[PDB]
Amino acid sequence: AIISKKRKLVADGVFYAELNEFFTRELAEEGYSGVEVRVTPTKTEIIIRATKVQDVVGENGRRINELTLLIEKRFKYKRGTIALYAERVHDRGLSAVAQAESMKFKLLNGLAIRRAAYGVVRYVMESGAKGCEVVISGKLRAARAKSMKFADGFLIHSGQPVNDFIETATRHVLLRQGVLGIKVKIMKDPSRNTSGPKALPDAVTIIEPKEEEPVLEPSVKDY
Amino acid sequence: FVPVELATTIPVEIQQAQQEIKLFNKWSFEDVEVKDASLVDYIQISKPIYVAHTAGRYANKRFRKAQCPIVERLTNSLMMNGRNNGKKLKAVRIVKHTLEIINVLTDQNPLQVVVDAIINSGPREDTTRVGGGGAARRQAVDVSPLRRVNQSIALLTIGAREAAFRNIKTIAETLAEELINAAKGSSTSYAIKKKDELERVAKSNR
Amino acid sequence: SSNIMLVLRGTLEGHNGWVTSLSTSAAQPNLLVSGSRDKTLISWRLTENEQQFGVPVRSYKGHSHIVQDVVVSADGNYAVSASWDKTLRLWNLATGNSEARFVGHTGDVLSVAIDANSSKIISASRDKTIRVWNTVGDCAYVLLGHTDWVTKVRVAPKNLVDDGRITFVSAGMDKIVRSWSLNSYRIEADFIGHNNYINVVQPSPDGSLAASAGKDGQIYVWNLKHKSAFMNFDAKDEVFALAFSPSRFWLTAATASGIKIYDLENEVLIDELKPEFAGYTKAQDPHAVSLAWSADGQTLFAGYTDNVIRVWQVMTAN
Amino acid sequence: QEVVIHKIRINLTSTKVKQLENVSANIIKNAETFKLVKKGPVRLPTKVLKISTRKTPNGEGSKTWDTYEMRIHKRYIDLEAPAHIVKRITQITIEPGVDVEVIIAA
Amino acid sequence: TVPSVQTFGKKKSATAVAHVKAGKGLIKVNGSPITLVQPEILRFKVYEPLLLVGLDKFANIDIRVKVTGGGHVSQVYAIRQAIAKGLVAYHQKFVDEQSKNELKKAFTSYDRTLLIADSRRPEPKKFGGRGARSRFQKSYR
Amino acid sequence: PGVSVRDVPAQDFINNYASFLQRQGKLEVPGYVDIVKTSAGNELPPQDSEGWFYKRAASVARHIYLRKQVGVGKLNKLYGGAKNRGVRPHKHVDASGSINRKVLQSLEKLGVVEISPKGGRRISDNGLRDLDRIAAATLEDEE
Amino acid sequence: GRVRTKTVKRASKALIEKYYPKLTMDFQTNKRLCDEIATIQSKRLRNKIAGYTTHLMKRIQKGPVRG
RNA sequence: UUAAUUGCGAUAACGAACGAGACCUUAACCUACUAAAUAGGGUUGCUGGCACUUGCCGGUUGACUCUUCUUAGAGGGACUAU
Ligand SMILES: [Mg+2]
Ligand SMILES: [Mg+2]
Ligand SMILES: [Mg+2]
């Protein structure tokens with residue numbers, strides 16, 4: 001109550017960001033991807049998308065409930081004005097963040113890095129994306145550090161179609177000799193868009209004309 | 001011929017200066033002959049202007065500068081030195097004053113005098129720094145009419161500015177004097193002197 | 001042919017675009033309402049003083065795109081225009097005012113047609129549909145005619161005594177000319193004949209004759225009251241406008257080259273109209289977009305791409 | 001019973017334009033359905049929130065700047081109705097991202 | 001019921017809204033008559049829509065201008081533009097077309113800005129410089 | 001056809017008003033005259049000394065006539081200019097508010113200026129009449 | 001400054017090849033045709049294409065052209 | 001040739017991709033829409049000052065209506081067009 005409208009909006013955004021950060025921190029093992037916030041009448045609706053839904057759920061109100069409580073404690077809401085909903089991230093390959101997380105996990109486990117990257121690329125391809133680009137920056141054998149670059153397919157780089165179709169992810173992986181950085185790009189198919197433009201702006205495709213046998217001298221159809 | 005008034009009554013002077021002649025600040029743009037073959041089409045006059053302040057899109061193309069009333073150009077030139085820079089109203093005022101001064105002395109159209117000055121301070125042959133390697137030796141070269149006009153405009157203004165540097169003689173008076181000197185080729189004017197020097201240099205280099 | 005050797009009189013100038021349509025009122029003879037690409041509408045009144053056969057009266061600035069077809073009412077008070085901004089505007093001629101804005105067409109409106117009563121308006125647009133309007137701004141019959149563009153709709157005049165149905169023909173980029181009736185409220189006949197693309201289908205003062213022409217370089221005349229096939233002329237070049245006259249069995253056709261004039265049933269391809277221009281290279285040349293005959297059968301009014309409305313007059317050889 | 005016509009002002013605020021427009025359309029439709037005294041969706045001048053940051057974290061380099069801007073769309077609608085009806089109208093037609101706000105009463 | 005139209009004039013930021021009405025022949029700027037304005041040296045600019053086409057057209061047309069935005073010179077220009085527009089507009093509406101055309105011709109021959117509003121608008125400033133194009137002083141010692 | 005202040009060359013009108021005030025003697029001079037700055041960012045008091053506070057008053061009155069509601073702060077803002085802050089760029093500095101206030105008070109006393117609703121000051125009918133008269137006089141002089 | 005790209009010129013050429021009958025001369029009509037037939041994403045691009053087509057048409061009515 | 005490996009061309013290369021361009025934000029036009037007492041007007045109430053004939057400048061969210069300026073939605077518009 002009684003706060004400037006622009007300011008309020010800003011605060012909302014900030015809150016959202018904070019929430020996202022929190023989710024990233026907590027639900028890393030479950031494979032968190034995205035948050036949605038709906039400030040409807042009475043209740044605020046937080047929709048979570050994670051790779052492991054069951055885990056998130058817990059003992060049907062063990063982990064989710066705890067999370068809710070934490071949220072309440074933090075932003076100061078009533079016990080019953082926050083609801084949480086775990087969801088399937090539809091096509092895990094089309095999510096860059098998820099891919100990044102997976103890569104990180106693999107690294108932690110101790111997989112061959114190049115191989116892992118290749119696998120990721122393959123997965124992306126399967127998911128049906130136009131292009132994948134994976135940059136792995138850091139010290140990968142020997143002290144003098146180098147960024148390795150594993151790519152396939154299309155990719156754009158410049159223009160406003162970048163924020164439209166290219167989805168990006170950056171996650172830093174901690175190992176006992178130094179930090180790695182995993183940067184993953186996915187070029188989503190323009191035709192399979194749902195909301196927004198259905199092609200790249202430069203792409204012009206013309207329709208084909210129909211066959212003609214026209215003349216054969218006047219005549220009239222009558223009713 | 002025929003003064004008719006309205007609801008908001010206009011002063012008589014304004015009424016007088018209307019339909020027959022489109023006067024400048026307060027006298028005719030007519031008469032005023034370009035008394036030189038060349039510098040025609042490159043000195044404007046012709047189109048009768050009221051004030052030496054139009055909006056203007058004169059640096060847009062290439063020769064849009066040539067289709068600008070000469071008075072306006074003069075004003076623009078005057079406008080120079082960073083302390084003075086901007087403030088075109090002041091320049092206009094100065095120009096007006098100069099015109100008045102000209103009218104007062106030797107009569108004529110002041111515009112005509114100005115035109116004459118412009119004509120007779122534009123150098124006919126210039127020298128470009130062409131070395132053929134890097135030596136400071138110079139080469140004799142012909143001058144474009146537009147260039148001649150432009151330089152002339154610059155020179156007088158510069159002279160006026162110089163005169164104004166520590167003087168009671170308000171710039172306008174100085175400018176008028178310069179114009180007078182130019183129109184009746186004097187060698188007491190600065191611009192004319194400069195032109196002469198340039199000519200001499202050209203002659204030497206040829 | 002015989003006598004009438006047409007002479008250029010005036011070059012009516014005051015536009016900044018292609019004069020795409022001109023029309024004289026069904027009752028009044030002195031008016032000529034000129035519609036153009038420069039969104040304007042200039043009303044011309046016949047003066048008959050020196051070169052100026054007509055001088056401008058009223059410009060109707062109220063459109064955002066090309067004013068394509070203009071049709072005057074039965075008397076000479078209302079003028080209806082069809083614009084490339086998806087709307088039509090009904091204008092009051094003596095005033096300088098608009099009246100009705102016609103919302104409905106989901107595409108640029110090409111041609112307008114008012115009835116002999118000035119009661120029921122009908123319009124064709126680059127939209128695939130033809131629409132029925134009234135003198136308020138209200139939709140009646142929405143004709144789902146052609147599968148491609150509709151180009152020209154003009155209502156035919158009738159004298160032989162009443163039916164309850166008024167008739168018109170719909171030109172298209174569909175290759176098929178189609179006749180309608182309105183109060184069966186629907187089709188009369190399909191006049192399949194054109195091989196390329198139709199620009200103009202124009203009815204005559206006769207009513208039972210309606211000429212069809214376009215990009216084909218040919219003029220296929222159709223018989224209406226018998227609902228049957230008829231004459232086919234060659235014109236070499238694309239026909240931009242067709243015009244019948246109250247003078248003879250004349251047919252005046254505006255080609256891409258110039259203006260070609262024929263006799264209808266005694267098929268002689270007679271007089272051509274071409275004026276002079278300044279400069280110019282090869283196969284360009286300003287061609288006449290739209291031409292109108294006066295109700296007298298005396299004056300040809302020809303609107304050009306060069307913005308000028310050129311006036312041709314009847315002058316007998318002897 | 002309940003029907004006493006008040007003075008109702010409804011505020012709409014968002015960052016997404018299209019969504020806001022949709023919401024407005026919905027509201028208008030509702031109004032039409034209920035056919036009441038109506039003042040149109042009055043549009044207030046869009047508020048651009050500006051930020052300027054040196055692109056660098058450290059400070060070294062050619063001094064390059066950012067212009068991170070957030071545009072706010074604020075639009076209001078005026079209705080003369082009973083309050084219950086207004087509530088009913090506004091309880092539905094809610095899209096995530098758009099803030100629906102009610103002043104209610106004179 | 002009186003024949004009247006609402007034409008504006010724009011320069012840089014300045015806007016001048018002139019209401020052209022049927023009547024006696026008033027030309028007023030911000031409530032004050034045309035005879036004032038008072039940058040004074042630019043007074044003749046505001047007179048240029050009057051005297052170029054003549055006071056003959058002004059005998060029946062009343063002009064009430066409200067001027068806001070810009071500076072002084074710009075405002076004056078805007079006012080002038082508005083004045084130029086207004087008569088023409090009136091002619092188009094309530095007089096005749098030929099006359100309007102003539103007026104336009106008169107205007108068009110002397111100065112362009114009277115009908116076509118000026119294209120030019122301030123270029124935005126960008127970083128690393130004082131103005132839009134002018135950078136800071138770079139130094140290599 | 002009718003005269004008002006809005007139809008007069010401004011400076012001349014102001015001068016006339018000042019003259020009228022002088023003739024009257026009536027206003028109330030507070031006695032800050034020949035001591036004060038006018039604007040707190042100035043290098044000098046007035047270059048007329050004896051008077052010109054009358055002139056200021058007249059100007060204020062004119063301003064009031066022109067507008068609806070005028071205050072003290074606003075007046076200060078109007079009348080202040082750019083103070084030379086030394087080897088530092090100039091800034092807009094508001095005029096001496098007390099002087100303005102005094103002027104307003106004087107006007108009120110006279111019966112020219114009147115305290116308004118919402119806040120600030122407007123014009124009295126007598127004041128308006130006086131202004132009109134002044135304008136007429138100016139016009140006559142011009143003629 | 002103004003030189004047309006591959007994505008304009010090639011497209012225009014293709015259009016011409018497909019639709020020389022019904023793609024004629026003047027600009028506005030051509031533009032409309034382009035809008036109807038081609039699946040052009042931007043407006044400006046479409047406009048450019050139309051312009052190019054018009055130019056090509058103009059060139060044609062003075063002799064044949066390569067490609 | 002172009003601001004551009006931008007094109008026209010020449011041609012053991014042919015057809016492509018990234019970058020450039022396209023794009024997007026913004027700045028320009030809109031008497032054409034859709035709108036407003038959180039923008040501005042018009043008439044008109046009451047009302048203040050004028051000349052004193054009707055006329056001129058005013059103060060008032062008193063009415064009624066309008067959208068040119070205003071804001072901002074949807075469009076259009078330039079493609080180097082003729
Ligand atoms: Mg690219
Ligand atoms: Mg780019
Ligand atoms: Mg100083």
# chains A, B, ... in the order shown; residues from 1 in each chain; ligands from 1

call {"tool": "residues_near_ligand", "arguments": {"ligand": "ligand 1", "cutoff": "8 Å", "atoms": "only C-alpha atoms (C1' of nucleotides) and all ligand atoms", "output": "ChimeraX atom specification"}}
result
/A:156-159 /H:18-22

call {"tool": "interface_residues", "arguments": {"of": "chain F", "to": "chain E", "cutoff": "8 Å", "atoms": "only C-alpha atoms", "output": "PyMOL selection string"}}
result
chain F and resi 6-9

call {"tool": "write_last_selection", "arguments": {"atoms": "C-alpha atoms", "output": "compact mmCIF listing (two decimals), in the first residue's frame"}}
result
# COMPACT_ATOMS: atom_id res chain seq x y z
CA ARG F 6 -2.43 42.72 -23.76
CA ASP F 7 -2.46 45.06 -26.82
CA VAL F 8 0.46 47.33 -25.75
CA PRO F 9 4.28 47.36 -26.29

call {"tool": "residues_near_ligand", "arguments": {"ligand": "ligand 3", "cutoff": "10 Å", "atoms": "only C-alpha atoms (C1' of nucleotides) and all ligand atoms", "output": "PDB file with C-alpha atoms, in the first residue's frame"}}
result
ATOM      1  CA  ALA F  82      22.756  33.604 -13.816  1.00  0.00           C
ATOM      2  CA  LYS F  83      25.207  34.299 -10.963  1.00  0.00           C
ATOM      3  CA  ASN F  84      28.905  34.399 -11.891  1.00  0.00           C
ATOM      4  CA  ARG F  85      30.172  31.734  -9.463  1.00  0.00           C
ATOM      5  CA  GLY F  86      33.824  32.574 -10.239  1.00  0.00           C
ATOM      6  CA  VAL F  87      35.897  30.037 -12.194  1.00  0.00           C
ATOM      7  CA  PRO F  89      29.778  27.682 -14.807  1.00  0.00           C
ATOM      8  CA  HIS F  90      26.687  29.852 -14.250  1.00  0.00           C
TER       9      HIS F  90
END

call {"tool": "closest_residue", "arguments": {"among": "D:37, D:44, D:77, D:5", "to": "residue 103 in chain D", "atoms": "only C-alpha atoms"}}
result
D:77

call {"tool": "interface_residues", "arguments": {"of": "chain A", "to": "chain D", "cutoff": "8 Å", "atoms": "only C-alpha atoms", "output": "list in words"}}
result
residues 6, 37, 38, 39, 40 and 41 of chain A

call {"tool": "write_last_selection", "arguments": {"atoms": "N, CA, C and O atoms", "output": "PDB file, in the first residue's frame"}}
result
ATOM      1  N   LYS A   6       5.734   2.928 -10.787  1.00  0.00           N
ATOM      2  CA  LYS A   6       6.998   2.541 -11.434  1.00  0.00           C
ATOM      3  C   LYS A   6       7.886   1.801 -10.432  1.00  0.00           C
ATOM      4  O   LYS A   6       8.454   0.736 -10.737  1.00  0.00           O
ATOM      5  N   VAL A  37       5.522 -16.075 -12.039  1.00  0.00           N
ATOM      6  CA  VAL A  37       4.820 -15.409 -10.932  1.00  0.00           C
ATOM      7  C   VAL A  37       3.505 -14.793 -11.429  1.00  0.00           C
ATOM      8  O   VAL A  37       3.497 -14.030 -12.401  1.00  0.00           O
ATOM      9  N   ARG A  38       2.406 -15.146 -10.760  1.00  0.00           N
ATOM     10  CA  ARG A  38       1.081 -14.580 -11.043  1.00  0.00           C
ATOM     11  C   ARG A  38       0.490 -13.938  -9.786  1.00  0.00           C
ATOM     12  O   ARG A  38       0.062 -14.643  -8.865  1.00  0.00           O
ATOM     13  N   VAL A  39       0.471 -12.606  -9.746  1.00  0.00           N
ATOM     14  CA  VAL A  39      -0.138 -11.882  -8.622  1.00  0.00           C
ATOM     15  C   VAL A  39      -1.628 -11.646  -8.928  1.00  0.00           C
ATOM     16  O   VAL A  39      -2.027 -10.588  -9.433  1.00  0.00           O
ATOM     17  N   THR A  40      -2.426 -12.674  -8.635  1.00  0.00           N
ATOM     18  CA  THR A  40      -3.888 -12.648  -8.787  1.00  0.00           C
ATOM     19  C   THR A  40      -4.543 -12.127  -7.486  1.00  0.00           C
ATOM     20  O   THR A  40      -3.825 -11.891  -6.505  1.00  0.00           O
ATOM     21  N   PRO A  41      -5.887 -11.902  -7.479  1.00  0.00           N
ATOM     22  CA  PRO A  41      -6.596 -11.644  -6.215  1.00  0.00           C
ATOM     23  C   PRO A  41      -6.316 -12.680  -5.120  1.00  0.00           C
ATOM     24  O   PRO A  41      -6.234 -13.881  -5.405  1.00  0.00           O
TER      25      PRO A  41
END

call {"tool": "interface_residues", "arguments": {"of": "chain A", "to": "chain G", "cutoff": "12 Å", "atoms": "only C-alpha atoms", "output": "ChimeraX atom specification"}}
result
/A:190,196-211

call {"tool": "write_last_selection", "arguments": {"atoms": "C-alpha atoms", "output": "mmCIF file, in the first residue's frame"}}
result
data_model
loop_
_atom_site.group_PDB
_atom_site.id
_atom_site.type_symbol
_atom_site.label_atom_id
_atom_site.label_comp_id
_atom_site.auth_asym_id
_atom_site.auth_seq_id
_atom_site.Cartn_x
_atom_site.Cartn_y
_atom_site.Cartn_z
ATOM 1 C CA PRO A 190 11.486 -20.345 -36.276
ATOM 2 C CA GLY A 196 6.056 -14.204 -31.869
ATOM 3 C CA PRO A 197 7.468 -14.178 -35.450
ATOM 4 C CA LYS A 198 7.390 -17.499 -37.343
ATOM 5 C CA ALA A 199 10.554 -16.946 -39.465
ATOM 6 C CA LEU A 200 13.883 -15.092 -39.709
ATOM 7 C CA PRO A 201 13.136 -11.531 -40.996
ATOM 8 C CA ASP A 202 15.359 -11.881 -44.108
ATOM 9 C CA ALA A 203 13.798 -15.169 -45.325
ATOM 10 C CA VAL A 204 11.417 -14.538 -48.246
ATOM 11 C CA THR A 205 9.570 -17.534 -49.728
ATOM 12 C CA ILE A 206 7.152 -17.115 -52.654
ATOM 13 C CA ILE A 207 4.063 -19.249 -53.367
ATOM 14 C CA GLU A 208 3.766 -21.215 -56.646
ATOM 15 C CA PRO A 209 1.266 -20.221 -59.413
ATOM 16 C CA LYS A 210 -1.516 -22.539 -60.693
ATOM 17 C CA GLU A 211 -1.761 -24.184 -64.154
#

call {"tool": "atom_distance", "arguments": {"atom1": "CA of residue 294 in chain C", "atom2": "CA of residue 249 in chain C"}}
result
14.9 Å

call {"tool": "select_by_dssp", "arguments": {"residues": "chain D", "states": "strand (DSSP E or B)", "output": "CSV table (one decimal) with N, CA, C and O atoms, in the first residue's frame"}}
result
chain,number,residue,atom,x,y,z
D,8,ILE,N,-16.7,4.7,-10.9
D,8,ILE,CA,-15.6,3.7,-10.8
D,8,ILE,C,-14.4,4.0,-11.8
D,8,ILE,O,-14.7,4.2,-13.0
D,9,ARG,N,-13.2,4.1,-11.3
D,9,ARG,CA,-12.0,4.3,-12.0
D,9,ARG,C,-11.2,3.0,-11.9
D,9,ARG,O,-10.9,2.5,-10.8
D,10,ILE,N,-10.8,2.5,-13.1
D,10,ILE,CA,-10.0,1.3,-13.1
D,10,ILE,C,-8.6,1.5,-13.8
D,10,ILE,O,-8.6,2.0,-15.0
D,11,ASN,N,-7.5,1.3,-13.1
D,11,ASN,CA,-6.2,1.4,-13.6
D,11,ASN,C,-5.6,0.1,-14.0
D,11,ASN,O,-5.7,-1.0,-13.4
D,12,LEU,N,-4.8,0.2,-15.2
D,12,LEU,CA,-4.1,-0.9,-15.8
D,12,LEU,C,-2.7,-0.5,-16.0
D,12,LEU,O,-2.4,0.5,-16.6
D,13,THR,N,-1.7,-1.3,-15.5
D,13,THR,CA,-0.3,-1.1,-15.6
D,13,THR,C,0.5,-2.3,-16.0
D,13,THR,O,0.3,-3.4,-15.4
D,14,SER,N,1.4,-2.2,-17.0
D,14,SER,CA,2.2,-3.3,-17.4
D,14,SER,C,3.5,-2.9,-18.1
D,14,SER,O,3.8,-1.7,-18.3
D,37,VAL,N,-22.8,3.1,-18.6
D,37,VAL,CA,-22.1,4.4,-18.9
D,37,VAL,C,-20.6,4.2,-19.0
D,37,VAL,O,-20.0,3.6,-18.0
D,38,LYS,N,-20.0,4.7,-20.1
D,38,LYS,CA,-18.6,4.3,-20.4
D,38,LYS,C,-17.8,5.5,-20.8
D,38,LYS,O,-18.2,6.4,-21.5
D,39,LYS,N,-16.6,5.5,-20.2
D,39,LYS,CA,-15.5,6.4,-20.7
D,39,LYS,C,-14.4,5.5,-21.2
D,39,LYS,O,-14.0,4.6,-20.5
D,40,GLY,N,-13.9,5.9,-22.4
D,40,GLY,CA,-12.9,5.0,-23.2
D,40,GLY,C,-11.6,4.7,-22.4
D,40,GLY,O,-11.3,5.3,-21.4
D,41,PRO,N,-10.9,3.7,-23.0
D,41,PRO,CA,-9.6,3.3,-22.4
D,41,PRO,C,-8.5,4.4,-22.6
D,41,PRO,O,-7.8,4.5,-23.6
D,42,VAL,N,-8.5,5.4,-21.6
D,42,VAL,CA,-7.6,6.5,-21.7
D,42,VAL,C,-6.2,6.1,-21.4
D,42,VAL,O,-5.9,5.5,-20.4
D,43,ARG,N,-5.3,6.5,-22.4
D,43,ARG,CA,-3.9,6.1,-22.4
D,43,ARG,C,-3.0,7.2,-21.9
D,43,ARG,O,-3.1,8.3,-22.4
D,47,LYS,N,5.9,5.4,-19.5
D,47,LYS,CA,7.1,5.8,-18.7
D,47,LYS,C,8.3,5.0,-18.8
D,47,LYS,O,8.4,3.8,-18.4
D,48,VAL,N,9.3,5.6,-19.5
D,48,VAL,CA,10.6,4.9,-19.7
D,48,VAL,C,11.6,5.1,-18.5
D,48,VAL,O,12.0,6.2,-18.2
D,49,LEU,N,11.9,4.0,-17.8
D,49,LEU,CA,12.8,4.0,-16.7
D,49,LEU,C,14.2,3.7,-17.2
D,49,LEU,O,14.5,2.6,-17.8
D,52,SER,N,22.0,4.0,-16.5
D,52,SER,CA,23.3,4.1,-17.2
D,52,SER,C,24.4,3.5,-16.4
D,52,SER,O,24.7,3.9,-15.2
D,53,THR,N,25.1,2.5,-17.0
D,53,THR,CA,26.1,1.7,-16.4
D,53,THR,C,27.3,1.7,-17.3
D,53,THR,O,27.2,1.5,-18.5
D,54,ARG,N,28.5,1.8,-16.7
D,54,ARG,CA,29.8,1.5,-17.4
D,54,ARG,C,29.8,0.0,-17.7
D,54,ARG,O,29.6,-0.8,-16.7
D,65,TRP,N,29.3,2.7,-22.3
D,65,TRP,CA,28.1,2.8,-21.5
D,65,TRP,C,26.9,1.9,-22.0
D,65,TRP,O,26.8,1.6,-23.1
D,66,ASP,N,26.0,1.6,-21.0
D,66,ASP,CA,24.7,0.9,-21.3
D,66,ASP,C,23.5,1.8,-21.1
D,66,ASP,O,23.6,2.7,-20.2
D,67,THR,N,22.5,1.6,-21.8
D,67,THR,CA,21.2,2.2,-21.6
D,67,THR,C,20.1,1.2,-21.4
D,67,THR,O,19.3,0.9,-22.3
D,70,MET,N,13.4,0.4,-19.1
D,70,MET,CA,12.2,-0.4,-18.9
D,70,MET,C,11.0,0.5,-19.1
D,70,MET,O,10.8,1.5,-18.3
D,71,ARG,N,10.1,0.2,-20.1
D,71,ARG,CA,9.0,1.0,-20.4
D,71,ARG,C,7.7,0.5,-19.7
D,71,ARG,O,7.3,-0.7,-19.8
D,72,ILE,N,7.0,1.5,-19.1
D,72,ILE,CA,5.8,1.2,-18.3
D,72,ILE,C,4.6,1.8,-19.1
D,72,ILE,O,4.6,3.0,-19.5
D,73,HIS,N,3.6,0.9,-19.3
D,73,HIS,CA,2.3,1.3,-19.9
D,73,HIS,C,1.2,1.3,-18.8
D,73,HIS,O,0.9,0.3,-18.2
D,74,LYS,N,0.7,2.5,-18.7
D,74,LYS,CA,-0.3,2.9,-17.7
D,74,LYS,C,-1.6,3.4,-18.5
D,74,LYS,O,-1.5,4.4,-19.2
D,75,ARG,N,-2.7,2.7,-18.3
D,75,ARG,CA,-4.0,3.1,-19.0
D,75,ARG,C,-5.1,3.0,-18.0
D,75,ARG,O,-5.2,2.0,-17.2
D,76,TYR,N,-6.0,4.0,-18.1
D,76,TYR,CA,-7.2,3.9,-17.2
D,76,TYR,C,-8.6,3.9,-17.9
D,76,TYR,O,-8.7,4.5,-19.0
D,77,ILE,N,-9.5,3.3,-17.3
D,77,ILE,CA,-10.9,3.2,-17.8
D,77,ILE,C,-11.9,3.6,-16.7
D,77,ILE,O,-11.9,3.2,-15.6
D,78,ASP,N,-12.9,4.5,-17.1
D,78,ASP,CA,-13.9,5.1,-16.3
D,78,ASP,C,-15.3,4.5,-16.6
D,78,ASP,O,-15.8,4.6,-17.7
D,79,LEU,N,-15.9,3.9,-15.5
D,79,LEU,CA,-17.2,3.3,-15.6
D,79,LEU,C,-18.2,3.8,-14.5
D,79,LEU,O,-17.8,4.1,-13.4
D,80,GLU,N,-19.4,4.0,-14.9
D,80,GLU,CA,-20.5,4.3,-14.0
D,80,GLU,C,-21.4,3.1,-13.9
D,80,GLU,O,-22.2,2.7,-14.8
D,99,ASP,N,-1.1,-5.6,-14.4
D,99,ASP,CA,-1.7,-5.3,-13.0
D,99,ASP,C,-3.0,-4.6,-13.2
D,99,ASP,O,-3.2,-3.6,-13.8
D,100,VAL,N,-4.1,-5.3,-12.7
D,100,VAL,CA,-5.4,-4.8,-12.6
D,100,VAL,C,-5.7,-4.1,-11.3
D,100,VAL,O,-5.4,-4.7,-10.2
D,101,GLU,N,-6.1,-2.8,-11.4
D,101,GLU,CA,-6.3,-2.0,-10.2
D,101,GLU,C,-7.6,-1.3,-10.2
D,101,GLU,O,-8.0,-0.8,-11.3
D,102,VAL,N,-8.3,-1.2,-9.1
D,102,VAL,CA,-9.6,-0.6,-9.0
D,102,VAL,C,-9.6,0.5,-7.9
D,102,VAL,O,-9.2,0.3,-6.7

call {"tool": "residues_around", "arguments": {"residues": "residue 237 in chain C", "least_positions_apart": "3", "cutoff": "7 Å", "atoms": "only C-alpha atoms (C1' of nucleotides)", "output": "PyMOL selection string"}}
result
chain C and resi 217+255-257

call {"tool": "write_last_selection", "arguments": {"atoms": "N, CA and C atoms", "output": "short mmCIF file (atom, residue, chain, number, x, y, z; two decimals), in the first residue's frame"}}
result
data_model
loop_
_atom_site.label_atom_id
_atom_site.label_comp_id
_atom_site.auth_asym_id
_atom_site.auth_seq_id
_atom_site.Cartn_x
_atom_site.Cartn_y
_atom_site.Cartn_z
N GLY C 217 -4.88 -7.30 -73.82
CA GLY C 217 -4.73 -6.54 -75.06
C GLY C 217 -5.91 -6.75 -75.99
N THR C 255 -5.85 2.48 -74.10
CA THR C 255 -4.80 1.47 -74.18
C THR C 255 -3.52 1.94 -73.47
N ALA C 256 -2.54 1.05 -73.35
CA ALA C 256 -1.22 1.39 -72.80
C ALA C 256 -0.43 2.32 -73.73
N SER C 257 -0.71 2.21 -75.03
CA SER C 257 -0.13 3.10 -76.05
C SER C 257 -0.79 4.48 -76.04
#
